[PDB]
Protein chains: 2
Amino acid sequence: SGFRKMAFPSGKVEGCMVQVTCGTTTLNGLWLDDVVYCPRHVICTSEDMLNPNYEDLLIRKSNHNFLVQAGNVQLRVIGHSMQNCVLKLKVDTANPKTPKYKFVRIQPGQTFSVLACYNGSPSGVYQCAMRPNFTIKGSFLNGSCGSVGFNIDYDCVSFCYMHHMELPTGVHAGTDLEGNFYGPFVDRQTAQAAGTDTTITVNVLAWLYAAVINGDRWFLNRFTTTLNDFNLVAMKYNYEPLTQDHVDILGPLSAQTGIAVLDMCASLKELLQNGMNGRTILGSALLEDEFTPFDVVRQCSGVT
Amino acid sequence: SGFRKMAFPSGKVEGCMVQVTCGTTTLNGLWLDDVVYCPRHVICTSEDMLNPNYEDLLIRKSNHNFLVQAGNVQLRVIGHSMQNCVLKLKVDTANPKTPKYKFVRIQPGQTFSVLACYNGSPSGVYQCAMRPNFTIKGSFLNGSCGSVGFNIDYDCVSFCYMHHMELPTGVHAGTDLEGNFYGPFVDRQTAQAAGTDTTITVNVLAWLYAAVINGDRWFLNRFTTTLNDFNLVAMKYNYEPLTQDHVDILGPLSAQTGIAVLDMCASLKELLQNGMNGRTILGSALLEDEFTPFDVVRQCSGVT
Ligand SMILES: COc1ccnc(NC(=O)Cc2ccc3ccccc3c2)c1
Ligand SMILES: COc1ccnc(NC(=O)Cc2ccc3ccccc3c2)c1
């Protein structure tokens with residue numbers, strides 16, 4: 001037993017991290033096959049960020065202006081293009097460490113592991129979730145743009161995120177590996193306030209089921225509720241509406257503990273209205289929403 | 001900006017994980033050079049665990065009784081020995097993925113990354129800390145024994161922990177890579193209640209400094225304290241005593257924010273006596289003690 005925010009092993013992804021420099025700007029790039037993916041703002045000078053015209057800026061750039069370095073060996077750039085907000089640098093060498101991969105655009109509420117990088121070097125790995133407002137609460141400094149978010153399906157790396165921006169609230173913005181930002185964020189140095197960050201209700205329910213599996217059962221009561229009654233209380237606390245599909249997704253957790261989904265919703269309603277009263281669940285004093293029901297089932301079974 | 005429980009990249013460690021089977025028991029092993037390290041309880045049957053005599057049990061075992069598998073290739077065991085609570089299986093092949101390494105016995109309060117494994121396969125990575133009572137709050141299931149705890153000094157992996165036991169409270173027990181358990185734990189299926197788990201005060205101070213760096217300054221007050229006055233309040237809340245060495249360790253964080261260590265102790269005293277009042281610090285509703293001051297400085301600087 002035990003419950004932790006566990007990230008996927010980062011080994012396969014580490015073998016893909018490279019350093020991309022353009023002018024005085026160095027950031028991280030994802031080297032897959034003979035392509036290096038990186039946030040297109042690598043071409044901007046700090047003044048250009050204020051109101052950038054990426055196509056105009058990119059006209060002044062040639063292949064030899066992008067320095068790509070995998071460890072300490074320099075890679076030769078033989079082509080460059082812009083796809084949405086990512087530059088794809090075709091190199092003369094295919095990454096021999098390229099794992100089996102996919103580019104996925106994840107749904108809000110889904111989780112992924114981040115391999116935070118500086119100068120093409122992996123520094124740390126941690127778990128994140130795409131918030132319902134399309135921001136992520138990561139840990140990024142200057143030099144971290146180009147860090148990637150990913151999941152692993154046994155041996156296939158599903159890249160879902162690339163870090164590009166820090167927002168005024170301290171949260172982060174990024175794109176899928178096709179250069180499209182999640183949400184309404186643009187790669188411009190302008191204040192882009194995020195929307196209301198709602199709670200991923202299904203994830204909280206999955207983590208309350210993980211808490212039951214672990215031995216923390218103080219919050220379980222003798223009450224039940226209905227989807228409609230639950231959503232009246234969830235809406236008040238900025239919780240995402242609960243659907244029958246969410247109830248079905250919770251199936252293996254509801255069966256494992258023997259506790260009905262609606263019975264757990266009733267316990268969540270009482271935690272929302274009455275608080276934790278100084279108590280904790282899985283060592284947390286608040287309701288955790290960054291474990292999808294898949295993460296909980298995986299951790300409480302034995303998947304690798 | 002942003003603050004997360006970040007683990008070191010697990011790539012170097014993944015290349016060392018193998019599966020060790022003995023009888024019907026399969027667990028994980030650490031393959032470094034021509035040696036495979038594993039918890040010696042791999043030789044026990046579930047009945048043997050009740051009161052094991054490891055030397056007697058190990059007499060009935062030969063090299064051919066230990067099955068070592070690195071991925072899907074079988075490794076040949078040409079020697080076996082017991083060192084404290086770890087079996088060292090000498091194999092005929094040196095691990096070509098062996099990174100530069102060290103075996104360290106960490107101090108209580110120190111942190112490390114865990115690469116949780118099942119059948120020699122890495123499943124997840126997360127950060128842990130050695131509690132002052134020598135337990136860890138990990139996430140382990142059956143098949144996870146032999147999972148390792150480690151730190152990385154640029155390119156050198158310092159292995160500090162090997163998972164062996166789950167304790168009645170749900171916490172875990174393990175050994176350093178020389179087979180000595182941290183704490184008074186023994187590899188026997190007997191109830192071994194842990195001692196009082198105290199709070200690593202210095203780690204909470206480092207994480208309160210990280211919170212200031214991040215923009216969360218609500219808890220900062222106009223008060224100060226002395227080491228002796230702070231420790232009177234810390235003792236009451238089961239907090240570890242604060243020494244001048246802890247104050248010195250906090251140096252780069254105290255300089256970075258400009259806030260004296262004793263001024264931050266005063267804010268910690270008010271958080272202890274008055275609680276959080278429904279507020280949060282770095283998205284947590286309780287005082288986090290699993291970021292050493294080194295982790296905080298590292299995350300709030302740019303180390304890889
Ligand atoms: C390379 O350029 C990058 C990289 C990463 N993040 C950014 N972010 C921004 O510029 C957005 C921002 C953030 C905070 C503000 C705070 C106040 C007033 C405006 C603000 C605008 C730019
Ligand atoms: C291979 O053997 C292993 C592996 C991992 N953990 C264990 N742990 C134990 O046996 C200790 C324990 C835990 C919980 C109890 C609860 C009640 C009564 C006694 C208890 C004893 C043994």
# chains A, B, ... in the order shown; residues from 1 in each chain; ligands from 1
>>> residues_near_ligand(ligand="ligand 1", cutoff="9 Å", atoms="only C-alpha atoms and all ligand atoms", output="PDB file with C-alpha atoms, in the first residue's frame")
ATOM      1  CA  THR A  25      18.154  32.221 -26.776  1.00  0.00           C
ATOM      2  CA  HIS A  41       9.664  31.679 -29.558  1.00  0.00           C
ATOM      3  CA  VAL A  42      13.354  30.493 -29.668  1.00  0.00           C
ATOM      4  CA  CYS A  44      12.423  35.968 -30.661  1.00  0.00           C
ATOM      5  CA  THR A  45      14.640  38.445 -28.852  1.00  0.00           C
ATOM      6  CA  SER A  46      13.031  39.716 -25.527  1.00  0.00           C
ATOM      7  CA  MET A  49       8.147  38.816 -27.512  1.00  0.00           C
ATOM      8  CA  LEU A  50       6.057  41.949 -26.878  1.00  0.00           C
ATOM      9  CA  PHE A 140       9.452  25.918 -14.931  1.00  0.00           C
ATOM     10  CA  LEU A 141      12.229  28.543 -14.954  1.00  0.00           C
ATOM     11  CA  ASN A 142      13.971  30.421 -17.838  1.00  0.00           C
ATOM     12  CA  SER A 144      12.767  25.319 -19.480  1.00  0.00           C
ATOM     13  CA  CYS A 145      10.701  26.090 -22.623  1.00  0.00           C
ATOM     14  CA  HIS A 163       6.096  24.007 -22.415  1.00  0.00           C
ATOM     15  CA  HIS A 164       6.068  27.489 -23.930  1.00  0.00           C
ATOM     16  CA  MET A 165       4.607  30.077 -21.504  1.00  0.00           C
ATOM     17  CA  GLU A 166       4.335  31.220 -17.890  1.00  0.00           C
ATOM     18  CA  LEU A 167       1.092  33.074 -17.151  1.00  0.00           C
ATOM     19  CA  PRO A 168       0.524  35.998 -14.710  1.00  0.00           C
ATOM     20  CA  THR A 169      -1.080  33.661 -12.117  1.00  0.00           C
ATOM     21  CA  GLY A 170       2.057  31.459 -12.049  1.00  0.00           C
ATOM     22  CA  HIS A 172       1.861  27.489 -17.407  1.00  0.00           C
ATOM     23  CA  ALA A 173       0.770  27.309 -20.981  1.00  0.00           C
ATOM     24  CA  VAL A 186      -0.768  32.810 -27.477  1.00  0.00           C
ATOM     25  CA  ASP A 187       3.051  32.945 -27.465  1.00  0.00           C
ATOM     26  CA  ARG A 188       3.218  36.700 -26.896  1.00  0.00           C
ATOM     27  CA  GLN A 189       4.485  38.660 -23.874  1.00  0.00           C
ATOM     28  CA  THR A 190       1.090  39.998 -22.980  1.00  0.00           C
ATOM     29  CA  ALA A 191      -0.976  39.453 -19.852  1.00  0.00           C
ATOM     30  CA  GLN A 192      -3.226  36.455 -20.516  1.00  0.00           C
ATOM     31  CA  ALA A 193      -5.277  35.866 -17.427  1.00  0.00           C
TER      32      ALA A 193
END
>>> select_by_dssp(residues="region 25-248 of chain B", states="strand (DSSP E or B)", output="MDAnalysis selection string")
chainID B and resid 25:32 35:39 66:70 73:75 77:83 86:91 100:103 111:118 121:129 136 148:153 156:166 172:175 181 199 239
>>> residues_around(residues="region 262-273 of chain B", least_positions_apart="6", cutoff="12 Å", atoms="only C-alpha atoms", output="NGL selection string")
:B and (199 or 201-212 or 217-239 or 241-244 or 246-248 or 250-251 or 253-254 or 279-281 or 285-288)
>>> interface_residues(of="chain B", to="chain A", cutoff="7 Å", atoms="only C-alpha atoms", output="JSON, numbers by chain")
{"B": [1, 2, 3, 4, 5, 6, 7, 8, 9, 10, 11, 14, 118, 121, 122, 123, 124, 125, 126, 137, 138, 139, 140, 141, 170, 285, 286, 302, 303, 304]}
>>> write_last_selection(atoms="N, CA and C atoms", output="mmCIF file, in the first residue's frame")
data_model
loop_
_atom_site.group_PDB
_atom_site.id
_atom_site.type_symbol
_atom_site.label_atom_id
_atom_site.label_comp_id
_atom_site.auth_asym_id
_atom_site.auth_seq_id
_atom_site.Cartn_x
_atom_site.Cartn_y
_atom_site.Cartn_z
ATOM 1 N N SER B 1 8.550 30.342 -12.751
ATOM 2 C CA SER B 1 8.120 29.969 -11.409
ATOM 3 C C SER B 1 7.238 28.688 -11.380
ATOM 4 N N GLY B 2 6.805 28.282 -10.190
ATOM 5 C CA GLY B 2 6.047 27.061 -9.950
ATOM 6 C C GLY B 2 6.830 26.140 -9.030
ATOM 7 N N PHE B 3 6.137 25.374 -8.171
ATOM 8 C CA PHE B 3 6.833 24.482 -7.239
ATOM 9 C C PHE B 3 6.196 23.106 -7.147
ATOM 10 N N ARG B 4 6.978 22.090 -7.474
ATOM 11 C CA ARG B 4 6.509 20.721 -7.529
ATOM 12 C C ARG B 4 7.451 19.745 -6.852
ATOM 13 N N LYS B 5 6.907 18.632 -6.299
ATOM 14 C CA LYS B 5 7.714 17.535 -5.758
ATOM 15 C C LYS B 5 8.313 16.850 -6.998
ATOM 16 N N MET B 6 9.535 17.234 -7.334
ATOM 17 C CA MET B 6 10.199 16.775 -8.530
ATOM 18 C C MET B 6 11.154 15.673 -8.175
ATOM 19 N N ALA B 7 11.122 14.567 -8.918
ATOM 20 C CA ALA B 7 12.084 13.509 -8.703
ATOM 21 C C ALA B 7 13.207 13.658 -9.747
ATOM 22 N N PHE B 8 14.399 13.105 -9.498
ATOM 23 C CA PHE B 8 15.481 13.111 -10.489
ATOM 24 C C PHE B 8 15.054 12.260 -11.697
ATOM 25 N N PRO B 9 15.584 12.550 -12.909
ATOM 26 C CA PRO B 9 15.266 11.698 -14.067
ATOM 27 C C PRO B 9 15.735 10.262 -13.803
ATOM 28 N N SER B 10 14.874 9.292 -14.068
ATOM 29 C CA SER B 10 15.131 7.905 -13.690
ATOM 30 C C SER B 10 15.865 7.052 -14.712
ATOM 31 N N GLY B 11 16.175 7.613 -15.877
ATOM 32 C CA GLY B 11 16.845 6.914 -16.967
ATOM 33 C C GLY B 11 18.026 6.056 -16.581
ATOM 34 N N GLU B 14 16.778 3.053 -14.528
ATOM 35 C CA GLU B 14 15.990 2.114 -15.318
ATOM 36 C C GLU B 14 16.870 1.077 -15.982
ATOM 37 N N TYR B 118 8.118 -3.484 -10.776
ATOM 38 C CA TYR B 118 7.388 -4.753 -10.686
ATOM 39 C C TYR B 118 7.968 -5.653 -11.773
ATOM 40 N N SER B 121 10.649 -4.318 -14.029
ATOM 41 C CA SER B 121 10.169 -3.228 -14.863
ATOM 42 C C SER B 121 9.763 -1.961 -14.110
ATOM 43 N N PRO B 122 10.402 -0.835 -14.459
ATOM 44 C CA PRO B 122 10.067 0.422 -13.804
ATOM 45 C C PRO B 122 8.675 0.838 -14.178
ATOM 46 N N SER B 123 7.883 1.188 -13.171
ATOM 47 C CA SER B 123 6.502 1.572 -13.395
ATOM 48 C C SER B 123 6.245 3.048 -13.096
ATOM 49 N N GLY B 124 6.987 3.601 -12.151
ATOM 50 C CA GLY B 124 6.828 4.994 -11.779
ATOM 51 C C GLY B 124 7.957 5.559 -10.949
ATOM 52 N N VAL B 125 8.072 6.875 -10.969
ATOM 53 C CA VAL B 125 9.077 7.577 -10.218
ATOM 54 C C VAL B 125 8.417 8.653 -9.387
ATOM 55 N N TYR B 126 8.862 8.812 -8.158
ATOM 56 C CA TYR B 126 8.317 9.829 -7.263
ATOM 57 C C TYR B 126 9.356 10.173 -6.221
ATOM 58 N N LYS B 137 7.288 7.107 3.246
ATOM 59 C CA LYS B 137 5.878 7.019 2.879
ATOM 60 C C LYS B 137 5.906 6.882 1.388
ATOM 61 N N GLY B 138 6.097 5.669 0.919
ATOM 62 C CA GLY B 138 6.190 5.420 -0.506
ATOM 63 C C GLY B 138 4.874 4.955 -1.074
ATOM 64 N N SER B 139 4.962 4.218 -2.152
ATOM 65 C CA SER B 139 3.832 3.630 -2.818
ATOM 66 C C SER B 139 4.379 2.337 -3.341
ATOM 67 N N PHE B 140 4.129 1.253 -2.627
ATOM 68 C CA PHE B 140 4.647 -0.051 -2.997
ATOM 69 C C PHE B 140 3.560 -1.115 -2.896
ATOM 70 N N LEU B 141 3.543 -2.055 -3.830
ATOM 71 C CA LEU B 141 2.623 -3.193 -3.795
ATOM 72 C C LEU B 141 3.465 -4.483 -3.734
ATOM 73 N N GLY B 170 1.336 1.533 7.307
ATOM 74 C CA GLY B 170 1.259 1.805 5.878
ATOM 75 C C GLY B 170 2.527 2.425 5.320
ATOM 76 N N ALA B 285 -2.468 22.466 1.748
ATOM 77 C CA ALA B 285 -3.155 22.979 2.932
ATOM 78 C C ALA B 285 -2.459 22.580 4.250
ATOM 79 N N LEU B 286 -1.327 21.881 4.171
ATOM 80 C CA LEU B 286 -0.514 21.560 5.334
ATOM 81 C C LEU B 286 0.972 21.928 5.112
ATOM 82 N N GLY B 302 18.140 26.475 -11.506
ATOM 83 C CA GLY B 302 18.374 25.964 -12.855
ATOM 84 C C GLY B 302 19.347 24.799 -12.977
ATOM 85 N N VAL B 303 19.583 24.071 -11.876
ATOM 86 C CA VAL B 303 20.485 22.910 -11.876
ATOM 87 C C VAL B 303 19.874 21.735 -12.673
ATOM 88 N N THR B 304 20.719 20.937 -13.367
ATOM 89 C CA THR B 304 20.295 19.767 -14.142
ATOM 90 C C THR B 304 21.094 18.534 -13.724
#
>>> select_by_dssp(residues="region 41-75 of chain B", states="alpha helix (DSSP H)", output="list in words")
residues 54, 55, 56, 57, 58 and 59 of chain B
>>> closest_residue(among="B:197, B:216, B:178, B:47", to="ligand 2", atoms="only C-alpha atoms and all ligand atoms")
B:47
>>> residues_around(residues="residue 111 (chain A)", least_positions_apart="3", cutoff="7 Å", atoms="only C-alpha atoms", output="list in words")
residues 128, 129, 130, 290, 291 and 292 of chain A
>>> write_last_selection(atoms="N, CA, C and O atoms", output="tab-separated table (two decimals), in the first residue's frame")
chain	number	residue	atom	x	y	z
A	128	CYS	N	1.73	16.12	-13.68
A	128	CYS	CA	0.92	17.31	-13.90
A	128	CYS	C	-0.46	16.84	-14.37
A	128	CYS	O	-0.67	15.67	-14.68
A	129	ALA	N	-1.36	17.78	-14.52
A	129	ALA	CA	-2.65	17.53	-15.12
A	129	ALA	C	-3.01	18.75	-15.92
A	129	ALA	O	-2.68	19.88	-15.54
A	130	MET	N	-3.70	18.53	-17.04
A	130	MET	CA	-4.22	19.63	-17.83
A	130	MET	C	-5.43	20.13	-17.04
A	130	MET	O	-6.29	19.33	-16.72
A	290	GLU	N	-5.55	15.62	-9.19
A	290	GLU	CA	-4.59	15.35	-10.26
A	290	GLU	C	-4.17	13.88	-10.32
A	290	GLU	O	-3.04	13.56	-10.69
A	291	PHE	N	-5.11	12.99	-10.05
A	291	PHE	CA	-4.96	11.57	-10.26
A	291	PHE	C	-6.20	11.19	-11.02
A	291	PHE	O	-7.28	11.22	-10.42
A	292	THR	N	-6.10	10.86	-12.30
A	292	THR	CA	-7.26	10.40	-13.07
A	292	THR	C	-7.61	9.01	-12.55
A	292	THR	O	-6.76	8.36	-11.92
>>> closest_residue(among="B:55, B:134, B:155, B:150", to="residue 184 (chain B)", atoms="only C-alpha atoms")
B:134
